[PDB]
Amino acid sequence: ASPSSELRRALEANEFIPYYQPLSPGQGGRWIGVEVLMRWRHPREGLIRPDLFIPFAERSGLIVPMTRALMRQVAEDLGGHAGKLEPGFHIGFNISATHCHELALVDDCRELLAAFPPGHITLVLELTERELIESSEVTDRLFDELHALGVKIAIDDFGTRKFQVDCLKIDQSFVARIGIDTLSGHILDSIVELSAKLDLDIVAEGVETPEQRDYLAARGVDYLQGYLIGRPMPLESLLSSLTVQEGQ
Ligand SMILES: Nc1nc2c(ncn2[C@@H]2O[C@@H]3COP(=O)(O)O[C@H]4[C@@H](O)[C@H](n5cnc6c(=O)[nH]c(N)nc65)O[C@@H]4COP(=O)(O)O[C@H]3[C@H]2O)c(=O)[nH]1
Ligand SMILES: [Ca+2]
Ligand SMILES: [Ca+2]
Ligand SMILES: [Ca+2]
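Residues numbered from 1 in each chain as written, not as in the entry; some residues may be left out. Chains lettered and ligands numbered in written order. Heavy atoms only, no water.

This entry, as listed in the PDB, derives from X-ray crystallography and reports a resolution of 2.4400 Å.

Visitor: So what's going on with the packing of aromatic side chains? Residues and values would help.
Guide: The geometry of two aromatic rings is summed up by the distance between their centres and the angle between their planes. A full pass over the atoms with the stated rule returns four aromatic pairs. Here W40 and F53 contribute two aromatic rings whose centre-to-centre distance is 5.6 Å and whose plane-to-plane angle is 80 degrees, an arrangement assigned as edge-to-face. Pair noted here: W40 is in strand β2 (residues 33-42) and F53 is in the loop between β3 (46-48) and α2 (54-60), with a separation of 13 residues, a long-range link. Each member of the pair, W40 as well as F53, carries the same accessibility label: buried. Here the aromatic cluster, defined as three or more aromatic residues joined through ring pairs, consists of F16, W40 and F53. Seen from the ring of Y215, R219 lies directly overhead, with NZ or CZ sitting 3.5 Å from the centre. Positioned above the aromatic ring of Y227, the side-chain terminus of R231 is 4.4 Å from the ring centre. (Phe/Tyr/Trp six-rings, centres within 6.5 Å; stacked < 30°, edge-to-face > 60°. Helix = DSSP H or I, 4+ residues; strand = E, 2+ residues; numbered from the N terminus. Buried < 20%, exposed > 50% of the residue type's maximum accessible area, 1.4 Å probe, protein only. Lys NZ or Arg CZ within 6 Å of the ring centre and 35° of its normal.)

Visitor: Outline the layout of surface pockets, listing residues and values.
Guide: Within this model, the largest pocket holds a volume of roughly 970 Å³. Lining the largest pocket are 34 residues, with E35, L37, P50, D51 and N94 positioned closest to its centre. At the level of secondary structure, the elements contributing two or more residues to the lining of the largest pocket comprise β2, α2, α3 (63-79), β4 (89-94), β5 (121-128), β6 (152-158) and α6 (172-176). With five residues, the single largest contributor to the lining of the largest pocket is β2. Grouping the amino acids of the lining of the largest pocket by side-chain chemistry returns 13 nonpolar, nine polar and twelve charged. (1 Å grid on protein atoms, 1.4 Å probe; cavity = no way out; pocket = protein on both sides within 12 Å on 5 of 7 lines; lining within 4 Å. Points joined across faces, edges and corners; volume = space filled by probe spheres on them. Nonpolar A, V, L, I, M, F, W, Y, C, P; charged D, E, K, R; others polar.)

Visitor: Outline the coordination of the calcium ion (ligand 2), supporting the account with residue identities and numerical values.
Guide: By definition of the ideal shapes, four donors in a tetrahedron about a metal sit 109.5 degrees apart, and six donors in an octahedron sit 90 or 180 degrees apart. Only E35 (OE), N94 (OD1), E126 (OE), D156 (OD) and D156 (OD) from the protein coordinate the calcium ion (ligand 2), and they sit 2.3 to 3.2 Å from it. With six donor atoms in place around the calcium ion (ligand 2) and angles of 43 to 164 degrees between them, the coordination shape is irregular. Between the two metal centres, the calcium ion (ligand 2) and the calcium ion (ligand 4), the spacing is 5.7 Å. Of the two residues, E126 is situated in strand β5 and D156 in strand β6; the sequence distance between them amounts to 30 residues. Taken individually, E126 and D156 each receive the classification buried, so the pair is uniform in this respect. (Donors = N, O, S within 2.8 Å, 3.2 Å for Na, K, Ca; no water. Tetrahedral: all angles 85-135°; square planar, octahedral: opposite > 155°, others 65-115°.)

Visitor: Would you mind going over the side chain of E205 in detail, with residue names and values included?
Guide: Of note, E205 is situated in the loop between β8 (201-204) and α8 (210-217). For the buried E205, no salt bridge is present, and the opposite-charge side chain at shortest range is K169, 4.7 Å distant. Contacts of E205, omitting those with residues within four sequence positions, involve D156, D157, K169, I170, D171, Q172, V175 and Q225. (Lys, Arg positive; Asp, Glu negative; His and termini not counted. Salt bridge = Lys/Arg side-chain N within 4 Å of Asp/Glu carboxyl O. Contact = heavy atoms within 4.5 Å.)

Visitor: Describe helix α4 (residues 104-114), and please don't skip the residues or the numbers.
Guide: For α4, the complete set of buried residues consists of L105, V106, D108, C109, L112 and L113. Viewed end-on, α4 has its buried residues packed into an arc of 160 degrees, placing them on one side of the element. (Arc of directions from axis to C-beta.)

Shown next as structure tokens:
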């Protein structure tokens, strides 16, 4: 058995599926978007998490097609059900540093946007800070062109350089320590105040407890994500939950 053959095969056999984690407003309410998380439906080994296969997809370069396959799948999955989505519904995708080279990404974004009514969803791309240090100001007509389509850019796992981004996502590690560490609390308050100075939206990730939600809401964190709001879930659970939310 070989890792490369297995992934390359799995992509052709459509074994990489989207799971969807909902985002909620900081002050609560209906779901305003989802983060798309990759899952490997392995026929032998079961449902396999990203951390056991994304690193090799990045080294081998195969994540770029995998992400394209995933974006296409999301358009199939949700393009027909646009009526169930609140206006400006956020759909986020995790993107690599290898994606940031050159211009294909723009085609894929235009393709996804074309599956929905114009302006009805907001497409978001999440990059970590560490993934931006490969080229920091060069072939970045890409970000200009992506923004011209109304695509937004989010810094993933923030807190764990000079752009050109619309949103910060507070890493789980900060949210985990809310209420039991004044230092981390002050640093988290700094990140939140920075986002407001720079006019960037902010999402908190890993919101598990009501203590955490209230703390973040009291400081105007725009959006929440985590097990409190809902775990990553298959297409069907999402459509079922969104159907309920159309009622009242
Ligand atoms: N403890 C805790 N964990 C929570 C909570 N809410 C969500 N999570 C987990 O946090 C991860 C999402 O954060 P991430 O920074 O994108 O971290 C992601 C992301 O870096 C990467 N990844 C996932 N899908 C993709 C993809 O399509 N492309 C790329 N390049 N990377 C991906 O794999 C990482 C792990 O993904 P998952 O295993 O799905 O792990 C998910 C999810 O299961 C919570 O309340 N508590
Ligand atoms: Ca993410
Ligand atoms: Ca990533
Ligand atoms: Ca994170």
